[PDB]
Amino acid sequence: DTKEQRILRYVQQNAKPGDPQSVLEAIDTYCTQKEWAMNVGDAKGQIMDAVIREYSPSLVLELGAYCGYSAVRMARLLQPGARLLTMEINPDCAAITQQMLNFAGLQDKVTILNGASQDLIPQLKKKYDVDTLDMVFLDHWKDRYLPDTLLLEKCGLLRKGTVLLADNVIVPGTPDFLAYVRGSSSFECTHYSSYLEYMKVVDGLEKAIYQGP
């Protein structure tokens, strides 16, 4: 089996069904003590929590679900009736994410789509009945942050106030995306310095609020 399968099994055997916080704790324990994995982690995850609570978004889009850690993290703080859509290109990881959400009891709040963000984004309006997004969490391939931001705008999915929150802007790094949003009058940016998940290595989140054209 794979690392991701081991993580899922660990959660199933060390967390409480229907208890998202126990799921996050289980994943953090496994990744600290057993095998590292690219979940956003507790350090950055606390910042994410603070952002989600500030904005109380009704519709969030996540790019790059992996095992569902961040989807659990965000969805557990959404208000009743609010929704998360998350995309994952790797079919094995999409199935793990689905099962992780099911175990957490969040499956009614979250739709996990198996596919590439650049193919699925242009379908959101006609196929998934999306008007505009309140928040976007970018955590997929780092060289796709910029192209998919531009794609989101082209598709009419951003509104005044939409919050983009980007993981890994320092490690592995997303230098084109950071230069772009920081230099654009269409975004208001804030940098939240933190640490790479499960590691004593500096990383950060960037928040970029869309201001319109």
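Residue numbers here begin at 1 and follow the sequence given.
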**OP:** State which stretch shows the higher mean Cα B factor in the entry: 64 to 72 or 29 to 37.
**Re:** 29 to 37
Original post:
So 89 to 97 or 112 to 120, which one's hotter by mean CA B-factor in the entry?
Top reply: 112 to 120
Original post:
When the CA B-factors of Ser193, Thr190, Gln21, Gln13 are compared as recorded in the entry, which is the largest?
Top reply: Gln21
Subject >> Record-listed C-alpha B factor of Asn168: chain third >> reply: lowest
**OP:** Tell me, lowest, middle or highest third: where does the Cα B factor of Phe137 rank within its chain?
**Re:** lowest
Subject >> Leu77 CA temperature factor, ranked by third within the chain >> reply: highest
Original post:
Should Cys155 be placed in the lowest, middle or highest third of its chain by the C-alpha B factor in the entry?
Top reply: highest
Original post:
Comparing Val130 with the other modelled residues of its chain, is its CA B-factor in the lowest, middle or highest third?
Top reply: highest
